[PDB]
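Fold and contact review
Residues per chain, in single letters:
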Amino acid sequence: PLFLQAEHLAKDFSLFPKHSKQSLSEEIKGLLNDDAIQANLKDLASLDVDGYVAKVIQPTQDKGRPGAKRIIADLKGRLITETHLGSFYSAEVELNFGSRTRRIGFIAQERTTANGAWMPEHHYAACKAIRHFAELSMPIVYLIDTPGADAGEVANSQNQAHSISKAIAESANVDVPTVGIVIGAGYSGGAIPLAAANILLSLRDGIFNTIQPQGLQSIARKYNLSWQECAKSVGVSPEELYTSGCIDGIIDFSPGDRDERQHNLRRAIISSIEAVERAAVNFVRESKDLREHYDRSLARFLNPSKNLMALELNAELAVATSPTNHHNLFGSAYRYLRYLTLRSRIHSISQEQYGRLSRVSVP
Amino acid sequence: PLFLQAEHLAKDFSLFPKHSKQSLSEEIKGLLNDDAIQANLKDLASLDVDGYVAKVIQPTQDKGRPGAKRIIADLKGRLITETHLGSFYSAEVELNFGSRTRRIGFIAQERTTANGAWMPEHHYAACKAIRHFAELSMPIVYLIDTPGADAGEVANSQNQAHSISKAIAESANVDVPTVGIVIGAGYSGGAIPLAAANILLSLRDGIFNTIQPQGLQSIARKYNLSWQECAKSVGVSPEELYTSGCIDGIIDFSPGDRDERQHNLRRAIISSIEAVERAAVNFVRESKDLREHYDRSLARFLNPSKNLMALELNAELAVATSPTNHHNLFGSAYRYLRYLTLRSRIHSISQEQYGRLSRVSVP
Amino acid sequence: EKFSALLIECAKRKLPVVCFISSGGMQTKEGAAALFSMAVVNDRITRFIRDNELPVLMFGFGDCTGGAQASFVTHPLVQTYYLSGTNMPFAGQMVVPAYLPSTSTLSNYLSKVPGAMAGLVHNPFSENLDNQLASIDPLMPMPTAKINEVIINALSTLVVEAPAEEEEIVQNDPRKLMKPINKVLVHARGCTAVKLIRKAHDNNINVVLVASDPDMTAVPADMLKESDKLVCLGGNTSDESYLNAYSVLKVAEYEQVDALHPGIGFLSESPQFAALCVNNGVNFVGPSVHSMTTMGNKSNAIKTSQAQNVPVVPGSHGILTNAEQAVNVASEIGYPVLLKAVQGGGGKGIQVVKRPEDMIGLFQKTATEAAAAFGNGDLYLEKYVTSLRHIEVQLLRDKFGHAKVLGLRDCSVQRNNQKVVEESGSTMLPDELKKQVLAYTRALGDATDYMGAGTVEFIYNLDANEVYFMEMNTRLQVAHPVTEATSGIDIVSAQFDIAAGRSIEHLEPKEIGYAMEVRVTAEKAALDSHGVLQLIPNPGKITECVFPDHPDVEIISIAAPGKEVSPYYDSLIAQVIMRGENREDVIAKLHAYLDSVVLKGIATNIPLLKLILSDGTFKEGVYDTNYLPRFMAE
Ligand SMILES: Nc1ncnc2c1ncn2[C@@H]1O[C@H](COP(=O)(O)OP(=O)(O)O)[C@@H](O)[C@H]1O
Ligand SMILES: [Mg+2]
């Protein structure tokens, strides 16, 4: 069955990252190549922690940095509709793919309000947009730029914990191509529903980490370090994140660019979404067990039992609430491939794989 | 083999029209009842040709009658896009279905430009719009109102017939619920790409006919009648069209009403789209061959064989222009249902079945 | 429908498709319904290339205009062609308001205009056409390809798949479906269902019974075993139950039945219900659909009788057009005359017209009676014979061609056309005219290729001493157990042998004694507006009902103690068929048996039936079809 095989094949993919079939960033136009990234890894190693912080972290501290709406507007597609409240943006832009024009959904953390910090009603608004784009057969592009989702008293009183996990559940299981692109900073539970992608990119001067560099200060007090040293040690650079497999590509684009690097953004979105779609078509030819999964998923829609239907009503999730707005077979390939993508960039080892440190001359 | 099966089923369902499951006229909420229809047949029988012309023909000719955009605006939904292109008017509106809002596509013949007379580029726009809604899984409400498509010198120089043949081909093969609603006059080959729907309705004072009633004057000259006599003899009232099985019911609304009856148009649309979707789910429950047809159509998208791939390039048709924009299993059910209803609207007999006239006492 | 049928034969056999299309447009004289043909045929060509790949050619010739041009001919996947000199605009001269140039209408000038065609071909009939067109305008675009060049290039570029051995054009043929019957669907209620359920036991066949809500607890349902099935159709009336053909077919498919007996009444005589079963491969117990339409269409039944040298009841012979036509045919026959509905039967809409003065109003009137009753105002005229016998002759025939004619019946004691006292012989019919109707039944049975049980009806004019064919029953007739006795041949068992694919050559029709049937019906006596006695239905619960066991009477019945006679259905509660040596003995035994029979709770027609059997004129056998309403007034 698909569920048993989905963990097995992603577990096999985690044994050997380098010669895996998951590499789609070789085919995408508008990225920094391996050679450019190696030269910058020498520069990041030869710089002190202060020079690392100025190259990587300080450009996302720029308060005048072009917003997530403005980055979407510089695609020069046809705006159909936009949904906007606070630091949540979403849009529906009909972009020219070369062959024809196509509606692509955009869901974006907008930094012009609260620095990009989402409340519970923004995660529920993102869920509403994720449901709509699934039903309406539209590829999604996530834009990530936040200090993290708001963890305050009103957030937890409004149940931020359930709103975040509902958004991660619906994003993980959405039936259209999702391409995350880190356009500034991405941290923790506020960034991971939007970083749940078939391809996750960054811009040239973005950041992506577990929590903000300054939030490592509590851990820095244990070892008598600065917070800056901790962020340099763990590597929050797009180049070190590419090397550690966290992101697929670094787009040769910063939000302010006015030359042919502003054209790389559009080309990277078009050739990311075409690469994710080609990968779904190849996997449908390869897998008979994907066909069996589509039958089991569609058969419970044909005969909705009271126990199954009641849990779906309580949850209010992205589901086939119409036969016309039921997903296709390739929708089930986008949920499966998104799992493989996210699962092959987590690694863990056993107690026998770990070698012991020397206790000799350490009393 | 669904192609063989649809002629078998449609022949079976046309042998006894009244007790067939092609009768969806009970479902739609906002239609006139069969008693009011029987009472209107008694009045149209007892009236003369001038009383028939006043009741039926004169309100569809009325220049003070609300246009396609004014009718769509007074559904009171949220318009998302518009495309006014001469006598063509495509649109896209969110309607409330009670459980949630839904995108419903529109393609309408606008009487406030060229009287609703369509040109070649309006048929090519209707071709494109029908693919565009299919690629986005949006149900379509067609609005019929025309003197017929243009028979002029400019139309035939632009290859008028060849634009309509493609428009009927897209409509017949679209992968979303299609509802037709006659909002004025449905004459000739200009009315049939829109009237090729799953459920063809009419407003209370609409008309649907083979040509405009003045065009019957040539046949009236040949047999020594008036064109008004030929129009009543043909039987062009919504009541007579429902009796012959051309249409699936008469919506209790006329474009100028402002009582309780203005609310019946959105209700008739909601209950029509819901009725086609419940009927199409019931067809996927009971047709195992609808799976085989979908898998054979899917296998062509996986491996486009050169002889049909070249035909699809030259023909430009509504196909899977992406794995994401590939139709669902219920998409093939709307094609199937649409054929069964179109094929049970037509009816023919045999030479053995036809009752021969008397040769006796004929000079 | 012909285009869909052809594309289906092409999809089955893997044929390339060639089309030569010429049209003035869609047929406007077929109503608004004709428009849907544009989308039907275009969809079948769209689906034909997208599911079956085989190339469709469209050679537009002559005038190629209207909806044929505006759909399938110019469809973007077909290879569109035109002959030289073809007129190809969107609509023709009948619809077009003003002149259209040959640059926008003639296929020559449109040949080089992009997307108009894959080529302009030569017109292979009009010898000098291209030189005649070059003399009109030398700058006109000329044709280049031939129709043979386009066809040889279309055929030679395809993969030549190995052809299967040729089959015929496969149509609805019951003879293929006729296989041994061990489970049968019985489409009936009442005494007809009891008769068919009894015959199913006697032939060792399981019954699948279908029924309305009053009839789920009827006597035909009680007669079933644990191995026999009963299925709910729902509702009270015929419309909610038996007349739903799709529910009955879905039961035939669900139970996987070996055959379907279409019963009597409801949909029994409809060739549409016969075709519906045979489309889905379900064996129809009775004639072919061809035999049902030939002898069910009243004009064609007369025309087939005329071809077989069988005298018909004199009339219009086809269907009347108008009141002026009705007057002229009536005058030629001589008044009074009949007006009858073509989709009639059961005496419905049969008007007698006494005069030309009456005929003008009575034609318009009876056209409204036919149009109200059936949805078709079509009248046809027949000669009103005032002194007649309704003689009817039972045919059996197999698929091999043995026309075993069993014998005649006389059903002249009838009330509002519905037969009441029916007999195995006619006491006023000469043996020479009996031999003529026997020969005419064989001629009709063989010349229509008839199967199963059938009954041809004759008017035996008492004034003229002549026998005339009226119509035919293309199914089982309620009067049948009278002929089962006197022929020595079981009619339903012979029909179940025929519908199992067996021969009836082995049968020997006899003339065993005499027989008579009284239809026992639940009706009370009541006076009309002038004081003449009528019978009208008495519904209700039956409290006591005894039919004593007697060897020379057969009882088919739904009456028993504690059963109710439903108001939604007919008052027919039993058929009592007496047998005996001679006619006086059959009358006397039936008279004595009707007094030994008891019915309570309900009223019954039996006070009238006893008095007809004690009438001197009936005992002598001297009467006509109009005897009964005269005798009820006495
Ligand atoms: N002019 C007539 N001559 C003879 N029978 C007539 C005439 N007019 C009406 N009838 C009635 O109709 C019969 C002919 O068959 P019909 O009653 O029409 O059959 P059904 O109604 O069972 O189809 C005649 O036997 C007679 O009872
Ligand atoms: Mg009769």
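As summarised from the PDB record, the model derives from cryo-EM at a stated resolution of 4.14 Å.

The subject of this paragraph is the interface of chain B and chain A. Each partner contributes residues to the interface: chain B has 36 residues there, and chain A has 36 residues. Looking only at chain B, the three residues that lose the most surface to chain A are B:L302, B:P323 and B:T324, adding up to 20% of its buried area. Applying the counting rule to chain B against chain A returns five salt bridges. Among the salt bridges present, the one from A:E135 reaches B:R100, with a minimum N-O distance of 3.1 Å. Here chain B and chain A share 30 residue pairs in polar contact between them. Going through the elements one at a time, β1 (78–85), β3 (101–109), α5 (120–135), α12 (264–286), α13 (289–302) and α15 (329–345) of chain B are the ones with two or more residues in the side of chain B that touches chain A.

Residue and element names in this part refer to chain B. In terms of burial, β3 is largely enclosed, as eight of its nine residues are buried. One ladder, built from nine bridges, connects strand β2 (residues 88–96) with β3; its direction is antiparallel. Residue pairing in the sheet places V93 in a bridge with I104 of β3. Hairpin connection from β2 to β3: four residues lie between these consecutive antiparallel strands, with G98 at a positive phi of about 95°. Here β3 runs beside strand β4 (residues 140–146); their pairing, made up of four bridges, is parallel. Following the sheet pairing, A108 is matched in β4 by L143. Taken together, β3, α5 and β4 constitute a β-α-β crossover, and its handedness is right-handed.

This part covers unusual backbone geometry. The residue after C:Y335, namely C:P336, is reached through a cis peptide bond having omega -15°. Along the chain, C:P336 falls in the loop between α13 (323–333) and β9 (337–341). Unusually for a residue other than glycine, A:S361 sits at a positive phi of about 65°. Mapping A:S361 onto the fold places it in the segment after α15 (329–343). Judged by relative accessible area, which is 74%, A:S361 ranks as exposed. Notably, B:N159 is not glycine yet its phi reads approximately 65°, a positive angle. As for its placement among the helices and strands, B:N159 is situated in the loop between α6 (153–157) and α7 (160–172).

All right, on to the pairing of strand β2 (residues 57–64) of chain C then. All names here are of chain C. Bridge analysis of strand β1 (residues 20–23) against β2 gives three bridges, and the strand direction is parallel. Paired with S23 across the strands is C64, a residue of β2. Viewed along the sheet, the connection from β1 through helix α2 (residues 36–52) into β2 turns out right-handed. Bridge count between β2 and strand β3 (residues 79–83): four bridges; the pairing is parallel.

Residues and elements named next belong to chain A. Taken together, the side chains of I219, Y223 and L225 present a nonpolar region at the surface, about 320 Å² in accessible area. Along the polypeptide, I219 turns up in helix α9 (residues 217–223). Judged by relative accessible area, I219 falls into the partly exposed class, the value being 43%.

Take the interface of chain B and chain C next. On the chain C side, the residues contacting the 79 residues of chain B number 83 residues. Summed over both partners, the interface of chain B with chain C buries about 7000 Å², with 61% contributed by carbon and sulfur atoms. Where chain B meets chain C, there are two salt bridges. The interface formed by chain B and chain C contains 37 residue pairs in polar contact. Counting residues per element, the side of chain B that touches chain C draws most heavily on α7(B), which supplies nine residues. Of the residues assigned to the side of chain B that touches chain C, the class counts are 38 nonpolar, 29 polar and 12 charged.

Now for the environment of A:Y336. Residues and elements named next belong to chain A. Relative to the helices and strands, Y336 is located in helix α15. Measuring from C-alpha to C-alpha, the distance between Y336 and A6 comes to 7.1 Å, with 330 residues separating the pair along the chain. When neighbours within four sequence positions are excluded, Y336 is seen to be in contact with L2, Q5, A6, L9 and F283.

Calculation criteria
Residues numbered from 1 in each chain as written, not as in the entry; some residues may be left out. Chains lettered and ligands numbered in written order. Part of a larger assembly, values for the part shown. Heavy atoms only, no water. Contact = heavy atoms within 4.5 Å. Buried area = accessible area lost by both parts, 1.4 Å probe. Salt bridge = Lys/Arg side-chain N within 4 Å of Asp/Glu carboxyl O. Polar contact = N/O pair within 3.5 Å; in protein donor to acceptor, adjacent residues only side chain to side chain. Helix = DSSP H or I, 4+ residues; strand = E, 2+ residues; numbered from the N terminus. Buried < 20%, exposed > 50% of the residue type's maximum accessible area, 1.4 Å probe, protein only. Pairing = 2+ DSSP bridges. Right-handed = clockwise from strand over helix to strand, strands pointing away. Patch = residues over 30% accessible without salt bridge, like charges linked within 9 Å, V, L, I, M, F, W, Y side chains within 5 Å. Areas by Shrake-Rupley, 256 points an atom, 1.4 Å probe, with all protein chains shown as cover. Nonpolar A, V, L, I, M, F, W, Y, C, P; charged D, E, K, R; others polar.

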